[PDB]
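Protein chains in written order, with PDB author numbering: chain Lp, 2 to 92; chain Lr, 1 to 24; chain Lg, 3 to 114; chain LR, 97 to 144; chain Lk, 2 to 81; chain LA, 2 to 253. Where a beta carbon is used, it is the ideal one built from N, C-alpha and C, also for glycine.
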Amino acid sequence: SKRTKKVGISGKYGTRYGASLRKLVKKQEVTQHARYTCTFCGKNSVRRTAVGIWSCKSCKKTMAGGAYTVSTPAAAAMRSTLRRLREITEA
Amino acid sequence: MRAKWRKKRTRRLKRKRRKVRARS
Amino acid sequence: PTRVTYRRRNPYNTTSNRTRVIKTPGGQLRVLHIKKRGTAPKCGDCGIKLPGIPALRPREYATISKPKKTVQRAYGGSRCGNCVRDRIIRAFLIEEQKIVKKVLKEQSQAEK
Amino acid sequence: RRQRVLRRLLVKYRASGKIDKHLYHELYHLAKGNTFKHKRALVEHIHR
Amino acid sequence: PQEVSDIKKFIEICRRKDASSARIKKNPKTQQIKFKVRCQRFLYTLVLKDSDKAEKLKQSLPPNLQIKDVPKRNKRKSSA
Amino acid sequence: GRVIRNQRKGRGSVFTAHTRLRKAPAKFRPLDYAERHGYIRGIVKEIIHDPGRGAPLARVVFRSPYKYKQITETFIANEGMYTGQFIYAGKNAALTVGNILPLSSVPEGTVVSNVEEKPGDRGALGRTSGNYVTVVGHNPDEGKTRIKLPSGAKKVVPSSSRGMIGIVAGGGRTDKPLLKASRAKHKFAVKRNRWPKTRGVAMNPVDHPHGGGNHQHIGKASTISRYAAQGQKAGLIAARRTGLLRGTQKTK
RNA sequence: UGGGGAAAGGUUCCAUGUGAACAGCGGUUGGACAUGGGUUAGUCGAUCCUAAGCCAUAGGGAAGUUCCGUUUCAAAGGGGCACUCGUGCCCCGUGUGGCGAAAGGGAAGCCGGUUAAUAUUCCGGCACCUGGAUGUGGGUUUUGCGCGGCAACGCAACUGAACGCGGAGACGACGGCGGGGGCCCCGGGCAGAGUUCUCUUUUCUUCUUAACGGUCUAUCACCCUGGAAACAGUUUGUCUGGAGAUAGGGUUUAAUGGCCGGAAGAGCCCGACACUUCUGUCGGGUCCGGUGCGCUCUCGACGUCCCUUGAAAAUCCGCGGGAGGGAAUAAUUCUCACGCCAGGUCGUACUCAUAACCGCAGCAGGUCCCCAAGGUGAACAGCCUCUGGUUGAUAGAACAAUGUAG
RNA sequence: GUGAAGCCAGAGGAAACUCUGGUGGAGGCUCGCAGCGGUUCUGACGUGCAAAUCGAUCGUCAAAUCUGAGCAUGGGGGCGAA
Ligand SMILES: [Mg+2]
Ligand SMILES: [Mg+2]
Ligand SMILES: [Mg+2]
Ligand SMILES: [Mg+2]
Ligand SMILES: [Mg+2]
Ligand SMILES: [Mg+2]
Ligand SMILES: [Mg+2]
Ligand SMILES: [Mg+2]
Ligand SMILES: [Mg+2]
Ligand SMILES: [Mg+2]
Ligand SMILES: [Mg+2]
Ligand SMILES: [Mg+2]
Ligand SMILES: [Mg+2]
Ligand SMILES: [Mg+2]
Ligand SMILES: [Mg+2]
Ligand SMILES: [Mg+2]
Ligand SMILES: [Mg+2]
Ligand SMILES: [Mg+2]
Ligand SMILES: [Mg+2]
Ligand SMILES: [Mg+2]
Ligand SMILES: [Mg+2]
Ligand SMILES: [Mg+2]
Ligand SMILES: [Mg+2]
Ligand SMILES: [Mg+2]
Ligand SMILES: [Mg+2]
Ligand SMILES: [Mg+2]
Ligand SMILES: [Mg+2]
Ligand SMILES: [Mg+2]
Ligand SMILES: [Mg+2]
Ligand SMILES: [Mg+2]
Ligand SMILES: [Mg+2]
Ligand SMILES: [Mg+2]
Ligand SMILES: [Mg+2]
Ligand SMILES: [Mg+2]
Ligand SMILES: [Mg+2]
Ligand SMILES: [Mg+2]
Ligand SMILES: [Mg+2]
Ligand SMILES: [Mg+2]
Ligand SMILES: [Mg+2]
Ligand SMILES: [Mg+2]
Ligand SMILES: [Mg+2]
Ligand SMILES: [Mg+2]
Ligand SMILES: [Mg+2]
Ligand SMILES: [Mg+2]
Ligand SMILES: [Mg+2]
Ligand SMILES: [Mg+2]
Ligand SMILES: [Mg+2]
Ligand SMILES: [Mg+2]
Ligand SMILES: [Zn+2]
Ligand SMILES: [Zn+2]
């Protein structure tokens with residue numbers, strides 16, 4: 002009762018656009034429809050509305066993030082480095 | 001209380017006072 | 003099984019030609035034209051519909067008595083009341099912290 | 097049709113008192129799964 | 002048109018400057034009596050199940066305004 | 002021949018920009034005394050998406066220092082901003098993500114966005130989804146700052162310019178292929194009409210310099226000089242080199 | 001091939017009469033000819049507001065007819081009071097034009113009848129909106145501007161200047177589910193009609209209740225008590241819960257739901273009696289249930305898709321703030337009930353198509369919408385039927401070749 | 001008509017994980033009416049119904065589908081999936 006061998010979510014495209022393109026689109030699509038835990042209220046209800054907007058269904062807060070993920074490794078490393086630099090320099 | 005109804009209400013009082021002025 | 007016809011000059015179904023089918027005491031099926039449906043006002047902060055306030059078109063609110071358009075408390079309209087409770091609590095605690103913050107400065111920083 | 101008939105039976109038993117909530121929740125999820133074919137098979141399962 | 006709940010307010014309604022006329026309608030099948038008075042804006046109606054109070058009210062009300070008895074098969078001015 | 006396609010776009014009749022669904026442009030506040038000497042604060046009300054663009058916009062509410070009123074503006078939201086935040090603007094503002102402070106008051110190594118080329122033009126540099134600029138060094142005397150642009154270029158800007166801390170939201174928008182004709186057609190359609198693309202070799206001699214022929218070919222060098230007559234710049238314009246980029250790029 | 005509209009046509013609409021011409025044959029008939037008649041609005045539209053866009057003003061070009069420019073290097077405005085009398089003062093100031101939708105936004109009318117030709121307009125009955133004027137009833141006040149409920153909130157009223165905040169107007173496509181109106185279907189009863197060699201407690205038709213009000217209810221949501229793991233509640237579709245579930249008790253948005261007025265006095269169906277006409281008259285009836293993946297419209301809670309997130313303005317309401325004004329014998333700036341007057345201008349006939357529009361024409365062509373019965377059947381497939389509408393396209397006799405179609 | 005993610009129940013294994021039955025209703029998917037288009041018969045007519053029509057057979061049919069009104073671009077100029 003798996004209905005698929007390896008194609009997964011990107012089975013709606015049938016036999017078009019090529020295997021490599023379907024694999025590339027599937028890898029990035031899978032992370033866009035999932036659900037993520039809210040950082041403020043803690044409940045597991047946060048979903049994507051627009052290209053860079055994610056909102057929680059419980060506390061109704063909305064946050065601006067990446068295109069297909071709440072946060073980016075570059076932005077996380079930049080926030081962490083900026084916090085470290087500020088606290089060492091001014092304290 | 002929109003201005004049109006307030007305007008009518010004060011004009012109505014203005015005439016009530018003029019009538020009192022002519023009554024005295 | 004009689005069929006019906008419009009009674010006005012507009013022949014198109016353009017979200018302003020709202021109709022209902024009625025049967026008349028004369029034994030005929032005609033059409034009666036209706037206006038649009040009013041929307042209930044929402045809260046200023048949270049955005050939910052206030053209870054106890056009717057939903058009418060924006061012009062009909064000028065013919066209704068005042069007590070039917072509000073609720074007897076502070077911020078009667080446009081605020082649900084949970085937001086009012088939040089405002090009261092926030093205002094009191096913020097002013098209390100401002101008092102303690104201001105009192106601390108003269109002794110701990112101006113003793114010299 | 098089958099889901100409403102089964103759920104109506106389960107709520108009737110819970111309200112009357114023939115079964116308790118611990119058995120109710122388990123029977124609810126077994127009814128959600130394709131386990132019970134019909135009304136007689138379900139009532140037999142409660143009796144057993 | 003709006004019901005008047007009790008007997009008490011009918012006489013004040015009938016003793017007004019704009020009470021143009023009034024009429025009496027009787028329903029034999031349902032054993033019912035209807036009292037109607039016509040003002041400028043509304044048509045007040047009173048419903049009575051019993052018959053005894055009808056005549057007493059009829060003579061108690063002021064004689065100034067006219068009262069009709071609504072003949073059957075009401076017809077227009079032109080001949081039937 | 003007739004006028005070629007790329008000359009008609011300058012008349013601005015059919016090739017204009019669609020702007021019905023855009024509410025306001027994105028700019029900073031005007032430079033004022035309060036932000037030159039101290040700081041002011043504002044609330045973040047909403048995070049909205051406007052058509053034809055990435056980098057979702059943010060709605061911020063400030064007070065009025067001179068009158069009993071409030072002024073609304075529209076900024077570009079950096080990744081990590083959320084509704085209800087207090088944001089600060091001025092010379093003495095703290096150094097956190099989302100704050101607006103003059104570019105002089107920043108230690109080396111910080112990334113900013115929506116930087117003004119000159120103080121008061123309300124943002125010129127680095128305002129696209131996932132891009133930023135980095136400070137390189139300061140010149141305390143004869144105030145000036147060296148910066149590095151997203152393209153790799155280096156620049157010198159006056160020390161009184163402004164910038165807002167963080168990285169423009171939107172992440173890696175251009176990684177997945179559009180994969181479908183519709184999605185691209187919508188993207189260009191919402192901005193300006195350009196989605197139909199016509200190859201110059203398939204054209205007619207009256208229409209395009211590449212013209213016709215019994216075989217589909219150009220017939221002449223595709224590199225066009227820097228100073229050429231209007232209607233001739235159709236091809237590789239002022240090319241310094243040509244071909245696949247094998248080695249490293251000398252330009253920096 | 002029915003009943004009505006937008007664009008377009010302009011009397012083609014109705015009555016009476018008729019020699020010639022037209023209707024590719026005839027004609028007593030006609031969308032033809034001649035003589036007369038016919039289109040009534042505070043509630044239906046235009047009138048109001050803005051959209052893409054167009055044109056004045058401040059300015060700059062061009063020998064010039066004129067081109068650019070729409071808030072731009074402009075000294076660009078409006079609110080109140082008292083004086084016999086306009087002519088005297090006192091405040092605010094960032095901004096300051098017009099045109100542009102009979103399918104966008106929008107204050108208000110329903111039923112029955114009536115003419116040869118018009119009616120949501122005319123007549124009868126019963127209502128509503130806006131603008132403008134005034135008096136009674138009731139309410140509040142000597143504690144000067146209301147009471148009740150812990151709460152969600154309630155009631156026939158129940159002060160609010162400058163300025164400011166908010167809501168409604170105000171919005172995508174698709175998928176299944178639930179409530180309501182109309183249509184369709186089945187059973188019983190009262191009337192009338194069709195068939196009958198034989199059968200059929202048989203087949204068919206009518207059995208209706210408007211706008212506008214009163215009263216009792218109907219998803220979501222919210223409030224109070226109490227504190228959950230042997231975890232619980234629960235949708236067709238797994239969401240919800242110590243950021244407070246189950247359970248018990250309440251408040252509220254939403255009638256196209258039940259009853260009462262309007263309203264049986266209406267409309268409809270039978271019977272019986274006069275009888276030139278003018279005219280009629282008198283008797284009865286106008287009910288009770290069921291069913292559903294049924295068709296159509298509407299409302300509500302969910303779900304999916306986007307590098308596509310799906311108008312603006314006029315107009316209307318509540319609040320924060322506290323300017324001014326006002327009684328103890330009456331005063332009253334009470335959004336409550338009743339009561340007085342008025343609501344200007346233009347379109348309204350008819351067709352909307354195998355004859356009323358465009359194609360040289362009474363042309364097998366082209367041209368934007370609303371309503372949508374029974375049977376077979378998966379079905380707006382094909383075929384037969386009911387309401388309604390036609391029987392109009394030059395005809396008569398015979399059946400060779402060659403043809404067009406089957 | 002076919003049946004993508006998500007969800008429920010059962011079975012196997014030391015584990016990592018693997019099987020079975022339902023639920024669900026995605027796709028510039030598919031058969032096929034109205035609409036839109038116009039491949040073949042090189043059919044009919046070809047001083048025709050018609051200065052481009054008629055019949056049978058065909059392509060697509062929930063999306064780059066079809067369409068009304070208002071506005072903009074004017075001749076060496078416009079517009080053009082060419
Ligand atoms: Mg105001
Ligand atoms: Mg690549
Ligand atoms: Mg190409
Ligand atoms: Mg070619
Ligand atoms: Mg050339
Ligand atoms: Mg060349
Ligand atoms: Mg080639
Ligand atoms: Mg007709
Ligand atoms: Mg005439
Ligand atoms: Mg003839
Ligand atoms: Mg003749
Ligand atoms: Mg004749
Ligand atoms: Mg004769
Ligand atoms: Mg005649
Ligand atoms: Mg005629
Ligand atoms: Mg004539
Ligand atoms: Mg109107
Ligand atoms: Mg105007
Ligand atoms: Mg001009
Ligand atoms: Mg000039
Ligand atoms: Mg206008
Ligand atoms: Mg309209
Ligand atoms: Mg007419
Ligand atoms: Mg009238
Ligand atoms: Mg107030
Ligand atoms: Mg709209
Ligand atoms: Mg339904
Ligand atoms: Mg009724
Ligand atoms: Mg409960
Ligand atoms: Mg009744
Ligand atoms: Mg009767
Ligand atoms: Mg429909
Ligand atoms: Mg009048
Ligand atoms: Mg028609
Ligand atoms: Mg024709
Ligand atoms: Mg013609
Ligand atoms: Mg069947
Ligand atoms: Mg059929
Ligand atoms: Mg006909
Ligand atoms: Mg013929
Ligand atoms: Mg013949
Ligand atoms: Mg022969
Ligand atoms: Mg043959
Ligand atoms: Mg397809
Ligand atoms: Mg065709
Ligand atoms: Mg053909
Ligand atoms: Mg041929
Ligand atoms: Mg021939
Ligand atoms: Zn949250
Ligand atoms: Zn609230």
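Option nearest residue i by Cα separation, candidates the options
i               : options                            : result
residue 118(LA) : 49(LA), 159(LA), 132(LA), 78(LA)   : 159(LA)
residue 1(LA)   : 204(LA), 237(LA), 165(LA)          : The displayed coordinates of chain LA run from 2 to 253. Any statement about residue 1(LA) would go beyond what the structure contains.
residue 167(LA) : 11(Lp), 81(Lp), 19(Lp)             : 81(Lp)
residue 55(Lg)  : 16(Lg), 99(Lg), 72(Lg), 25(Lg)     : 72(Lg)
residue 41(Lk)  : 47(Lk), 57(Lk), 22(Lk)             : 22(Lk)
residue 37(LA)  : 102(LA), 63(LA), 232(LA)           : 102(LA)
residue 121(LR) : 143(LR), 103(LR), 144(LR), 97(LR)  : 103(LR)
residue 64(Lk)  : 34(Lk), 4(Lk), 12(Lk)              : 12(Lk)
residue 3(LA)   : 210(LA), 130(LA), 85(LA), 188(LA)  : 210(LA)
residue 151(LA) : 161(LA), 87(LA), 145(LA), 133(LA)  : 133(LA)
residue 26(Lg)  : 4(Lg), 113(Lg), 14(Lg)             : 4(Lg)
residue 139(LA) : 108(LA), 121(LA), 126(LA), 153(LA) : 108(LA)
Chain-order list of residues whose beta-carbon lies under 6 Å from that of residue i (same chain, five-residue window excluded)
i               : result
residue 50(Lk)  : none
residue 135(LA) : 112, 149
residue 223(LA) : 236, 237
residue 214(LA) : none
CB of residue i within 8 Å of CB of residue j, strictly
i               : j               : result
residue 59(Lg)  : residue 38(Lg)  : yes
residue 105(LR) : residue 135(LR) : yes
residue 25(Lk)  : residue 70(Lk)  : yes
residue 51(Lp)  : residue 80(LA)  : no
residue 44(Lk)  : residue 2(Lk)   : yes
residue 34(LA)  : residue 91(LA)  : no
residue 115(LA) : residue 165(LA) : yes
residue 29(LA)  : residue 163(LA) : yes
residue 177(LA) : residue 29(Lp)  : yes
8 Å CB neighbourhood of residue i in its chain, flanking five on each side removed
i               : result
residue 217(LA) : 202, 203
residue 33(Lg)  : 6, 7, 8, 9, 21, 22, 23, 24
residue 15(Lk)  : 23, 38, 62, 63, 66
*Taking contact to mean at least 3 C-beta pairs separated by less than 8 Å, is the stretch 48 to 55 of chain LA in contact with the stretch 47 to 67 of chain Lp?*
The answer is yes - the stretch 47 to 67 of chain Lp touches the stretch 48 to 55 of chain LA, with three or more Cβ pairs under 8 Å.
*Counting Cβ pairs closer than 8 Å, one from the stretch 197 to 211 of chain LA and one from the stretch 67 to 85 of chain LA, do we hit at least three?*
Judged by pairs of C-beta atoms under 8 Å, the stretch 197 to 211 of chain LA does not touch the stretch 67 to 85 of chain LA, as fewer than three such pairs exist.
*Taking one C-beta from the stretch 45 to 54 of chain Lg and one from the stretch 71 to 91 of chain Lg each time, how about it: are there three or more such pairs within less than 8 Å?*
Counting Cβ pairs under 8 Å, three or more are found: they touch.
_Does the structure place the stretch 179 to 198 of chain LA close enough to the stretch 12 to 29 of chain LA that three or more beta carbon pairs sit under 8 Å?_
Touching, per the Cβ criterion.
*Could you tell me whether the stretch 22 to 29 of chain LA touches the stretch 51 to 62 of chain LA, using the rule of 3 or more Cβ pairs below 8 Å?*
In short, these stretches touch, since the Cβ pair count reaches three.
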